[PDB]
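Below is one structure, written out as structure tokens; the observations come after it.
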Amino acid sequence: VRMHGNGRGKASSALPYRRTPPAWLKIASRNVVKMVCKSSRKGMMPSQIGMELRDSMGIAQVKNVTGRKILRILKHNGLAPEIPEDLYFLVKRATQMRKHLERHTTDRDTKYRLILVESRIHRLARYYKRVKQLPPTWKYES
Amino acid sequence: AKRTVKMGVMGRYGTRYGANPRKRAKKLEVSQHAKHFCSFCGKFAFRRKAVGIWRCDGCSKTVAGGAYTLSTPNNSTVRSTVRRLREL
Amino acid sequence: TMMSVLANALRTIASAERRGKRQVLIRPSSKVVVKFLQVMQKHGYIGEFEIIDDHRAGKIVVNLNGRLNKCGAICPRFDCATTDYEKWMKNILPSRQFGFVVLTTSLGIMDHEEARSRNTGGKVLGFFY
Amino acid sequence: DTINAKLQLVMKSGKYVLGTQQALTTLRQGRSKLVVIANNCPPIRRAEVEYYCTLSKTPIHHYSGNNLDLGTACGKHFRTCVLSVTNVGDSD
Amino acid sequence: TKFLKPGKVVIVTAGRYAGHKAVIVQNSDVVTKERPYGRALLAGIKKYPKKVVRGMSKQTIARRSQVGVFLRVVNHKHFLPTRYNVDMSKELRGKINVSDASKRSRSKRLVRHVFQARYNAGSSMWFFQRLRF
RNA sequence: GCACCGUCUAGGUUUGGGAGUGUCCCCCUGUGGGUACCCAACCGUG
RNA sequence: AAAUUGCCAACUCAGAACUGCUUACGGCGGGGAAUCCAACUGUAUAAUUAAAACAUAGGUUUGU
RNA sequence: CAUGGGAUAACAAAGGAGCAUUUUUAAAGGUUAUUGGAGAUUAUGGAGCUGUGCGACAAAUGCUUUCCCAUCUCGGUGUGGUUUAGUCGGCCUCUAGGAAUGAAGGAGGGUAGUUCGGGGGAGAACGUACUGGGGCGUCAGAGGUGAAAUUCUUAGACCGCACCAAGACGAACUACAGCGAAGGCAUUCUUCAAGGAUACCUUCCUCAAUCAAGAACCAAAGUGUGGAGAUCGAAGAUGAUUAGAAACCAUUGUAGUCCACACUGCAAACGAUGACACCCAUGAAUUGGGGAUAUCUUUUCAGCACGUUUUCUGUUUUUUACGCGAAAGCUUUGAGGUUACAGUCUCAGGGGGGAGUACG
Ligand SMILES: [K+]
Ligand SMILES: [K+]
Ligand SMILES: [Mg+2]
Ligand SMILES: [Mg+2]
Ligand SMILES: [Mg+2]
Ligand SMILES: [Mg+2]
Ligand SMILES: [Mg+2]
Ligand SMILES: [Mg+2]
Ligand SMILES: [Mg+2]
Ligand SMILES: [Mg+2]
Ligand SMILES: [Mg+2]
Ligand SMILES: [Mg+2]
Ligand SMILES: [Mg+2]
Ligand SMILES: [Mg+2]
Ligand SMILES: [Mg+2]
Ligand code: NA
């Protein structure tokens, strides 16, 4: 929306003031942890896991039930993604564009989008290197 | 270190054929001596062996191609056209 | 990107006072903003204000009596020794008889008259009159 | 692509083997659960692997990319013509 | 899975008997120090019966219809499994032995007799067709 | 004008008539064999 | 810390001291500032002309 | 340089599973004082080092757990609400795990309408028209202009019909409309990456704003190499018009115009208005996505589509409030909120010329 563009979208989710899980939610904390851990083992990113629980099990917030975030639960079980989830998606974005630009060399719009995606990667990767979620000497390669 | 500033493989010619003819021949020389991607075997191993003959170092497949590049733009257009006419 | 919450808050109050509004909503809130508001409220330039909790940077609703001609923040927070009070009063206050310069001292956030009486310097936050 | 996500998951947690010869070895045993073949594969080798898969009742997937693309989707720096996952590793 | 069953017809792809059709008698998917590879005991056609046409004597038909047989243990990588089968009875498989030389020769004679009877019965006719390549 | 020279077809659509039995051992499965035609009429043309 | 012990070959390249020159075999570019031609390498009047001539990459026409 | 204060800040560290109970007791084991100094020797114990028990405490997260197998009306309270109560359980292996500010009307990802759009790329087909050709007719002019002529024309022009070819282009619909970073982008179908907006009780946790140096894109003209060349058309030519006319007008006409690749990077590349962020009065609208609840169509991309009313987020706007301005004018789209002068960053200017010249 904002970074690398003129978009000024405000679309987002508004978390509630009342954090207590509803009285009708009878799922225990341990069973939720097994759910997220088995959903990650099924191959879902933390965002996909949360949407699955939200839409099917009635678990609005995993943190409000188990006291822990979904990524934190995966880290405790060692299931956390090696590369952070968003950096993974941007890298997948850049790869898919580059595959497209191999065949369409005249697609200058996708070339312009590619520069933004990579110039975004080199700040996200700088952040993860400074925060040590990524190894030092981690470089994005075209 | 870099051994020439502007002329690369054309440095073999000294000073004796002109900047622009050397420039025009440079691109085709660099293309014709480069390793080209092989759609078979997925390796960058296609080398030219005489004009229009390209042999892959990986799978040893020999292809009839362009004079100084493996595939000409006209060839890609013709391949797409023939595929589309086959699907019609 | 918002860089100074205090400057944003003081700008919003000054606009509301110029328009003659009875109440103004301030967002986001901060400890410095609330401390500044309490200083103005102490001297009677604003009425009661209410801090609304939203589990984030909160909001403040300030009731406005029409006594506040102008309030504003001074950026950057210039250092002010006890000998520099007269310089700042000359530069930014309308008169030597009224108006206040707000300081961040090690003794807390206070007006320049109080800071002078405590023999303490600090950084200038803003002004109101 | 769904197969790319499944392959990434198998690399993360499951067990797999790369190369045509090791894939054939896993097929001769009762160990292979899925065989992925690049569209680059030589036709006779692809026919042989498909025949082994049919005899062993093993699911066979034809990857949309070439061996370079399959190697990249596996997270590898080399090319693979045939992939054989021995343990799905909770994938599917 | 596990299609390398006894009785399954295979085609040998390596060695002197490359291209010759064989039958799996004993399959061995467990490796040992002596044979560190997946292997199988193959009963194979060393010499396919020749084509016989109408108008030849009984003697020459009998001569041309003889089946040659080899019995060796072959690495899994050196033969190609097929979907064709020759039925190997449990007793017949239990009789075939490659432990000793005399047992090996007796087993070869037994396999030759069984294959000759199979050819006479007109069964598994694909197995007795020579592969052309 | 009637004859004769002067006629046969893959395959496709489709009429009329059947005729061997899904069937025969294996030794459940699985395996190995064997059968699922003829004719007509229109396309079609080797 | 075999980061050690023994043997052994071929040539060189430096540095140092001393001591000399009668500058002393053969072999082995003189250099610089410009002008006119031809771009260049080539070829070419065997027996008076080697060039600025011819050729040459390039460039353009014509016929088909 | 010393010392006092700790509000505002700076530096450093971490990235949170990448982490960390005390006290009694006894017993078991394995180069110190003091013996009167000084020189050996010894052994004895302290004290620590482990492990075996023992007593008293805690503990920010329940082991009287968890998981894995197996057998099966009464009180209290208020002037009616509240826990009951009337209308399975017993065994067999392990077990360190739940204590972590919140998720910014800051950023980034996710999923969905297989959403929205002259957004981009690719491919195909379509449409008339201009031009040029013949086929079929016709016969004397046609074209062009203030008027003419250069020009074409019995050799059949012009005109008419149905056709072709080729290259452009995509009318009307087309709007104070949409998309795009800007330059720019209009036929249909099939495709390839995208992008935004919206929706979300999805994920994450300051990752941001703006920028010397540095990099990428960029209309038309121009340059190079290939192709194309229908139309129009710099240079040129000719006919007009003029005192002259190297122009405007007419007929032409080369380079160009179109495509591919590579250069060029100088526009009134304009909103003559840098980017990000906050407040900001009124009325009609408009584009896209969502909430809630009068009309039309309704045998399949259809539990549809549009449309009414209200609301909302995001976009391009319009008419008429402060305030500002030298004025023209701007005004939630600022040029307002500035001498009552301070949100952040950045670029540029300092009378006119010489001159965007000389030199490097
Ligand atoms: K000469
Ligand atoms: K946030
Ligand atoms: Mg930015
Ligand atoms: Mg010369
Ligand atoms: Mg020479
Ligand atoms: Mg005519
Ligand atoms: Mg149209
Ligand atoms: Mg141009
Ligand atoms: Mg050009
Ligand atoms: Mg040329
Ligand atoms: Mg013209
Ligand atoms: Mg300029
Ligand atoms: Mg400008
Ligand atoms: Mg829109
Ligand atoms: Mg307005
Ligand atoms: Na010459």
Side-chain angles (χ1 to χ4, degrees), chain A residues 31 33-53 70-71 73-81 83-104 114 117-118 121 125 133-135 137-138 140-142, chain D residues 1-18 22-23 26 31-42 46 53 58-92:
Chain A
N31 301 336
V33 175
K34 306 206 313 301
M35 286 180 180
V36 44
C37 292
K38 76 154 67 73
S39 61
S40 186
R41 286 181 178 89
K42 204 80 65 181
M44 297 160 54
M45 291 291 170
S47 47
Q48 247 292 318
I49 293 174
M51 272 178 288
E52 203 77 18
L53 300 181
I70 291 181
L71 191 59
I73 295 179
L74 304 194
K75 288 185 176 180
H76 289 168
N77 296 85
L79 269 69
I83 299 293
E85 188 216 52
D86 45 329
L87 176 59
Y88 158 83
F89 279 108
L90 281 179
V91 152
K92 192 196 64 176
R93 185 94 60 73
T95 291
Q96 274 165 347
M97 295 179 173
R98 287 193 168 279
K99 175 176 294 191
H100 171 68
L101 286 179
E102 294 165 28
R103 237 208 54 79
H104 307 86
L114 191 58
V117 170
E118 300 189 349
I121 284 188
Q133 291 300 321
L134 236 47
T137 75
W138 191 97
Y140 166 72
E141 75 299 333
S142 60
Chain D
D1 205 337
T2 313
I3 193 65
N4 277 335
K6 280 180 49 55
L7 283 180
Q8 184 186 35
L9 182 54
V10 172
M11 303 304 107
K12 170 73 204 310
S13 58
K15 300 197 179 306
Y16 63 96
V17 89
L18 294 177
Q22 288 184 282
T26 62
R31 289 170 53 83
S32 177
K33 311 295 160 57
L34 166 74
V35 173
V36 181
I37 298 185
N39 63 23
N40 209 342
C41 192
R46 158 157 42 201
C53 292
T58 304
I60 166 61
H61 181 97
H62 292 94
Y63 198 69
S64 284
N66 51 20
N67 47 7
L68 191 66
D69 287 4
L70 193 49
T72 299
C74 300
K76 303 288 172 290
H77 280 12
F78 52 91
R79 308 154 299 271
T80 75
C81 249
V82 184
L83 176 137
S84 180
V85 23
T86 303
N87 193 331
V88 297
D90 321 328
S91 185
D92 278 308

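Numbered from 1 within each chain, the chains take letters A, B, ... in sequence-line order. What's counted below: heavy atoms across the whole structure, side chains too, no hydrogens, waters or symmetry copies.
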Can you check side-chain contact (heavy atoms from CB on, under 4.5 Å) on D/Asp69 and A/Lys99, steps first, answer last?
CA-CA 10 Å; D/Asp69 287 4; A/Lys99 175 176 294 191; 3.5 Å; yes
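- Heavy atoms closer than 4.5 Å to chain D are found nowhere in A/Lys38, neither backbone nor side chain.
- The nearest pair of heavy atoms linking D/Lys12 to A/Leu79 is NZ-O, 4.0 Å.
- Separation of atoms OG (A/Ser40) and CG (D/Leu9) is listed at 8.5 Å; rounding is to 0.5 Å.
- The environment of CZ in A/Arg41 is crowded: more than 12 heavy-atom neighbours from other residues, nucleotides or ligands sit within 6.0 Å.
- Interface remark: D/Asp92 contributes no atoms to any contact with chain A (heavy atom separation under 4.5 Å).
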